[PDB]
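Participant: next one to model:
(5 chains, ligands or ions: 3)
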Amino acid sequence: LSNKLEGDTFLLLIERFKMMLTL
Amino acid sequence: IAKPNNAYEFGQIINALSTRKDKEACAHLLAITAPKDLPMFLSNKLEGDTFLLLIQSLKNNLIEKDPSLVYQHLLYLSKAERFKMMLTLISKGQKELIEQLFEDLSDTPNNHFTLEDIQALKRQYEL
Amino acid sequence: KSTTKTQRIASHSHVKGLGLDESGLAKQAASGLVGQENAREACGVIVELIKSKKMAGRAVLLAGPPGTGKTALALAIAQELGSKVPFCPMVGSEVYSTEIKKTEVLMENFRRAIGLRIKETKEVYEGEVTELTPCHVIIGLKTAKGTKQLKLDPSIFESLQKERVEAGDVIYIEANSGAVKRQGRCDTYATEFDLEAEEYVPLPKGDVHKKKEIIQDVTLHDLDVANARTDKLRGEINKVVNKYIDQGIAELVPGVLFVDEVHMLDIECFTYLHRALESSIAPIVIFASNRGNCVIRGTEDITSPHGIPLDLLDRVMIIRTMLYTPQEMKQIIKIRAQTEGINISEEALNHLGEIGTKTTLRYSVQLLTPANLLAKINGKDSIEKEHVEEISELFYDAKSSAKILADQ
Amino acid sequence: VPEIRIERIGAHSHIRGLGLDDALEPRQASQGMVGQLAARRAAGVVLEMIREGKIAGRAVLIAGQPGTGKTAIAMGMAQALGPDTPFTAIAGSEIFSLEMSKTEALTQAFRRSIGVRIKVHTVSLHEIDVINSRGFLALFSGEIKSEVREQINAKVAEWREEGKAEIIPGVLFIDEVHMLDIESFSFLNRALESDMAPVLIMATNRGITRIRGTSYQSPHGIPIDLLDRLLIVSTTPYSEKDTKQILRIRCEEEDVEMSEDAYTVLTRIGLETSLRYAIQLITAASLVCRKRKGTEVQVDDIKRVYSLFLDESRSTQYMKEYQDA
Amino acid sequence: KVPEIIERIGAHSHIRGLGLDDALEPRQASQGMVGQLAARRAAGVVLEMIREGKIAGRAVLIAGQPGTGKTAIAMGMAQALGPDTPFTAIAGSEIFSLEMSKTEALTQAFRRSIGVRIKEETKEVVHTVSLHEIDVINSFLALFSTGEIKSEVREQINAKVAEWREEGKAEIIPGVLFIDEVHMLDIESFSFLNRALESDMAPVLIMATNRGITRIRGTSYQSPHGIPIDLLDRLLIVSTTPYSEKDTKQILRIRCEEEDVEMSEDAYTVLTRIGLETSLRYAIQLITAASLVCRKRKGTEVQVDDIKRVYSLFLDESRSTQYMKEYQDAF
Ligand SMILES: Nc1ncnc2c1ncn2[C@@H]1O[C@H](COP(=O)(O)OP(=O)(O)O)[C@@H](O)[C@H]1O
Ligand SMILES: Nc1ncnc2c1ncn2[C@@H]1O[C@H](COP(=O)(O)OP(=O)(O)O)[C@@H](O)[C@H]1O
Ligand SMILES: Nc1ncnc2c1ncn2[C@@H]1O[C@H](COP(=O)(O)OP(=O)(O)O)[C@@H](O)[C@H]1O
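Facilitator: Numbers count the residues shown, from 1 in each chain, chains lettered A, B, ... in the order given. Ligands and ions are numbered 1, 2, ... in the order given. I have put the structure below:
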């Protein structure tokens, strides 16, 4: 996965994790 | 205590106290220093004043405890680079100081040191 | 004139010599220097060799860690060699410039160490000031002939006021151009401790216009900068110096050229350095190095001790200088503070010396004006420990700052 | 002769000095500055030095990670030194120019930090030089003479003599000082030894780094002769509330109105990547909200802009991960 | 319009000829030089070559650890060729100059290594002068405040020398040119040496080195002694072995007698040890510091404790570099 998390991709599956739990 | 970690700190402490000529400093300074690493720590920093200082600091205070540490310090000093240099700048009069340090070792074989290796060591020391 | 950069030697203003007995040994602390016994004795030996003209194209190398006193030792040697022997410090990295070639940089550095004591026969205004009535400015000068009323330009009056001249002082002004210099007082008002032929001078024999040998010291770079107001000026100055030497009115004195960080010089520059020191008259070249075996710059492959080619390092004898113990560190800091005018407590000295042995001595020396300003802002006259620890927390040294940056 | 960067682009217009005051005691709110009390106090000590006259021959260095406010501290000390003191803010890479050699570029930078006051108009000396040098695009069209500068220096000496002008020593800031090589460091060392010399602030974000132009490594890539004459000031990285306040004052400056949840998500974004990327996102978010006929920037606009424009770490890692094939 | 007219340091003033004699048979005591018998014998063979005229197109290389007197051997061979044989002793690093390019430096050395005799009837007084002196005549801080000898002066001087040679009152003596640390020369200068040796009035070439297989400067190939092959098969290589105790004692005695020093026997032994494991030239340097120290305490002889003081004052090379190196490792 590496650091590819954005708003759209993370919501789809539902380093850049805790930052991702703010959008 | 000033535990030496590098040869640089060792050179700095030994020579800067050489003009002081202070005895018990070297007494409770070389005991904590590992005898085996004595050559590598010493390197070629040997000057006449500091060499005499080690001689008359080892002769005076270190004999109180077990003279085995004296034996390791004296034997591993033989591997210092500038030693055949060193055993001629010492004046003939005070070579008897090293002889008096030696009779504390050869005359009394208390527990550890033996006669034959001490004799070989003296042969190494040219005296 | 006087193009002496008072920022590279102002850090060592307490040094007035080497501090040596008549026997040749070094006192514990005298004339500014408070440590480095064997290095001081070696510098005294070097001075003796220089005075006896046995400097057969040889140079000195000072090998020691930073914050040890290499520049201080060079300044001490320069001060010991004579009353006003020129001293030009220089860092090797400064030879790398584009607007002037390396030839010019080494040129200017070398002419900054070779001095000229010029003894000029001048009619002057050396005498006792009896009365001073600006009406302007008529001044009464009392000498062997008597009291003479002489006219002074307002600029000369400003110089006299700046020199703090009062009624009854044997002071020296220039009559050809005009320049006031404080030489001393008169024996007409001399006390017990004020003798003759000293800081108190008797009635000036002759007249106010005593046409006498005035001693005034210049440097070659001083005449180069006093004539530009290329090699044309070099030749002009050379011919002027030749004429002065031929008269016998000037004495050409060799000085000291200090070169700190010698490993930053190319072998290309080292060849010039060797060639220049072979001359009959040439300043004593003292290198300084804090590096062991390293690559000679400009060769890219050849390693050597201290980055000096073996052709020049051949004529080099090395003095080894080392770290200070905390007691001498405190003494150095106290001497520097007294010279600079800062009152400071003993516990502040202890903490500052602890910082000094922690990183370097010059770092702790440089934290004196900052701490003094911090204490002045707080409303105190003398520095205490809190000011020192605060200024140590605010400003950093290079090693710890780099450690912090690398740490993250 | 005829007479009359950071301010033009912005990003430092809100900082009207350090604002510590209270006899060298940092104030949390102060004059625009937010947080970083230690660096501000050290800077104030530096101002005290400059005012008393104990800075001649020395210079200031500022370390820290990028995005911590080194330029902010430099601008603060520039403002604190007076109302119209010059402030040049060059980088270490702008002395490598096709037209001007390093000597000319560094000389121009230095003369852009020696102001002259005329009775009140304050103008940079290099600006006076460029005025006395002969199309709506002349920035396209250096090497501004060699004798004109001497003539202007003589005329400035005259203007000091008869009392028509006053000399103001400004501030010269060099960001990323490790870019300069040993050649330019010698020029800096030689130029500092003048009576009319500006205060010299350098900035760096690098530890032990090889000196450019040589082979030996040194702290911050600065030669030892200069490194022993430096007042090193270290800046710590920001925390959440400081960057939140920074974003608030910046938005107030550029006329952007934003909600609280958008503010905190922007603060977190800036904490992860940089203050500068978060600042860049603000204008794009405001322009996106204007298109959607919205007056207040919501958090979904922050989502959209963060998805549109990429930060440096993601952009580099994506294509480093590209070269795996 | 044309007028006419190593030892300054005096590190080899005791050297008066090679000393072997006896029809190429090395003498242990001889005249100045001591020991290194094989090197003396090889130097004598090369001397015979130079004397007859069978050295043209060839040169000499001396390889050995520093402190073995290869420069002394060169000085001895220069002396034994005649009392007025010019001898230049430049170093490899001395050709990189701010004012003179490698061409000018090497040409100046070569022309300084050629002598001419000037007979002058008043009795025909013979004055031996090197060519470079005559060049520098045709041109007191001159050493400080160019030195480029112009080409037209050189061609004029060469034509003049040819004329004076044909006239029959001047004669050209090929001297000896010595290049210490020859490994520091680059390929562009080795080519110049190769081309200049192909001349009739070419001085004997001696090159000295103390380093083995090294990269040729200017190239990326490993060659013995850092010398290109095109010059290496035209070389007569002699090697000098390191001294022993008695030889160093003898050289120290000779140098002390030369420099007006009176040293005790045990002091001689301690100084021989000094020159035994640090370097002999280091001891040579120490003798003058010891002499200066002895006069401070109002003494006429130099005792062993004077040596022990001087050795602590001034450091030899190995100690001085190891100090800073291990400091840097501890930094
Ligand atoms: N023996 C000494 N006596 C007086 N001052 C000393 C002595 N040793 C060092 N110092 C001081 O230490 C400071 C650093 O000296 P300097 O030699 O310029 O630095 P470095 O040792 O790094 O070259 C100087 O200000 C000098 O006055
Ligand atoms: N203490 C502060 N007060 C006000 N603004 C700050 C502060 N610290 C950082 N900033 C803001 O952060 C932004 C980026 O900081 P900057 O100085 O560019 O970082 P760098 O040190 O990498 O140049 C600037 O626009 C600046 O306004
Ligand atoms: N056989 C010898 N006879 C006389 N002097 C010698 C002899 N060997 C060495 N020396 C002395 O050793 C010193 C070093 O010699 P030199 O060849 O000039 O430098 P190095 O040997 O260090 O390269 C010289 O001063 C020389 O007088």
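
Participant: all helices of the stretch 201-350 of chain C, in order?
Facilitator: Secondary structure of the stretch 201-350 of chain C (DSSP state H, counting those that start in this stretch): helices at C:220-225, C:231-247, C:267-277, C:310-313, C:326-340, C:346-358.

Participant: in the last one, what's buried?
Facilitator: Buried positions in helix C:346-358, judged by neighbour count with 16 or more other Cβ atoms under 10 Å in any protein chain shown: C:348, C:349, C:350, C:351, C:352, C:353, C:355, C:356. For every residue, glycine as well, the C-beta is placed using N, CA and C.

Participant: of the helices of the stretch 201-350 of chain C, which is nearest residue D:129?
Facilitator: Taking Cβ to Cβ, helix C:220-225 is the member of the helices of the stretch 201-350 of chain C nearest to residue D:129, at 24.6 Å.

Participant: coming back round to it: just the buried residues of helix C:346-358 now: which is nearest residue C:182?
Facilitator: Using Cβ to Cβ, residue C:349 comes nearest to residue C:182 of those, at 34.6 Å.

Participant: can you list the helices of the stretch 201-350 of chain C in TSV and add distance to chain D?
Facilitator: Shown next, in TSV, are the helices of the stretch 201-350 of chain C (distance: least, Cβ to the nearest Cβ, whole Å):
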stretch	distance to chain D
helix C:220-225	14
helix C:231-247	17
helix C:267-277	14
helix C:310-313	19
helix C:326-340	10
helix C:346-358	14
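
Participant: ok, which of the ones you listed comes nearest chain B?
Facilitator: helix C:326-340 (9.3 Å; Cβ to the nearest Cβ).

Participant: helix C:346-358 and the closest one, what's the angle between them?
Facilitator: Interaxial angle, helix C:326-340 versus helix C:346-358 (axes from the mean of the first three to the mean of the last three Cα atoms, to 10 degrees): 120 degrees.

Participant: show me what counts as buried in the helix or strand hosting residue C:121.
Facilitator: Residue C:121 belongs to strand C:115-122 when elements are defined using DSSP states H and E. By 16+ other Cβ under 10 Å, the buried positions in strand C:115-122 come out as C:115, C:116, C:117, C:118, C:119, C:122.

Participant: and the spatially closest residue to the fourth one that is not a sequence neighbour, what does it touch?
Facilitator: Closest residue in space to residue C:118, ignoring its immediate chain neighbours: residue C:250 at 4.5 Å, by Cβ to Cβ, 6 or more residues apart in numbering or on different chains. Each residue near residue C:250 by Cβ atoms under 8 Å, 6 or more residues apart in numbering or on different chains is listed here: C:116, C:117, C:118, C:119, C:241, C:244.

Participant: closest to residue D:189 out of these?
Facilitator: Once Cβ to Cβ is applied, the member of those that ends up nearest residue D:189 is residue C:116, at 27.9 Å.

Participant: gap between the closest one and residue B:23?
Facilitator: 54 Å (Cβ to Cβ, to the nearest Å).

Participant: cool, and residue C:93?
Facilitator: Distance, residue C:93 to residue B:23, by Cβ to Cβ: 45 Å.

Participant: and these two? Which one has more around it.
Facilitator: Applying other Cβ atoms under 10 Å in any protein chain shown to residue C:93 and residue B:23 shows that residue C:93 carries more neighbours, namely 24 against 15.

Participant: part of a helix, is the more buried one?
Facilitator: Yes - when classified by DSSP: H, G, I helix; E, B strand; the rest coil, residue C:93 is found to be part of a helix.

Participant: can you name the residues that contact the closest residue to residue C:266 other than its chain neighbours?
Facilitator: Leaving aside its chain neighbours, residue C:266 sits nearest to residue C:298 (3.7 Å; criterion: Cβ to Cβ, 6+ apart). Neighbouring residues of residue C:298 by Cβ under 8 Å, 6+ apart: C:266, C:267, C:268, E:96.

Participant: residue C:366 now?
Facilitator: For residue C:366, the contact set (Cβ under 8 Å, 6+ apart) comprises residue D:229.

Participant: and the gap between it and residue D:73?
Facilitator: Distance from residue C:366 to residue D:73, by Cβ to Cβ: 20 Å.

Participant: next: residue C:163.
Facilitator: Separation of residue C:163 from residue D:73 (Cβ to Cβ) stands at 44 Å.

Participant: which one's more surrounded, the two?
Facilitator: Between residue C:163 and residue D:73, residue D:73 has the larger neighbour count (other Cβ under 10 Å), namely 27 against 16.

Participant: helix or strand: which one has the nearest residue to that one once chain neighbours are set aside?
Facilitator: Leaving aside its sequence neighbours, residue D:73 sits nearest to residue D:43 (Cβ to Cβ, 6+ apart; 5.3 Å). Following DSSP H and E, one finds residue D:43 within helix D:37-52.

Participant: which residue comes closest to the residue in the stretch 201-350 of chain C positioned nearest to chain B once chain neighbours are left out?
Facilitator: Going by Cβ to the nearest Cβ, chain B is nearest to residue C:323 of the stretch 201-350 of chain C, at 5.2 Å. Nearest residue to residue C:323 in three dimensions, chain neighbours excluded: residue B:12, at 5.2 Å (Cβ to Cβ, 6+ apart).

Participant: can you tell me the helix or strand for the one you found?
Facilitator: Using DSSP H and E, residue B:12 falls within helix B:7-16.

Participant: quick one: the next helix or strand after that helix to helix B:7-16, angle?
Facilitator: Heading C-terminal from helix B:7-16, the first helix or strand you meet, by DSSP H and E, is helix B:23-30. Inter-element angle recorded for helix B:23-30 and helix B:7-16: 160 degrees (by the same axes, to 10 degrees).

Participant: list the contacts of helix B:23-30.
Facilitator: If you take Cβ under 8 Å, 6+ apart as the criterion, helix B:23-30 is touched by B:2, B:13-14, B:17, B:53-54, B:56-58, B:60-62, B:73.

Participant: CA atoms only for that helix, dumped as PDB, please.
Facilitator: Only the C-alpha atoms of helix B:23-30 are listed here, as PDB (Å, rounded to 0.1, in the frame of the first residue of the first chain):
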ATOM      1  CA  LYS B  23      51.700  10.400  42.200                       C
ATOM      2  CA  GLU B  24      48.300   9.200  43.600                       C
ATOM      3  CA  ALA B  25      46.500  10.600  40.500                       C
ATOM      4  CA  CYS B  26      48.300   8.000  38.400                       C
ATOM      5  CA  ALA B  27      48.000   5.500  41.200                       C
ATOM      6  CA  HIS B  28      44.200   5.600  41.200                       C
ATOM      7  CA  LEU B  29      44.200   6.200  37.400                       C
ATOM      8  CA  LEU B  30      46.000   3.300  35.900                       C
END
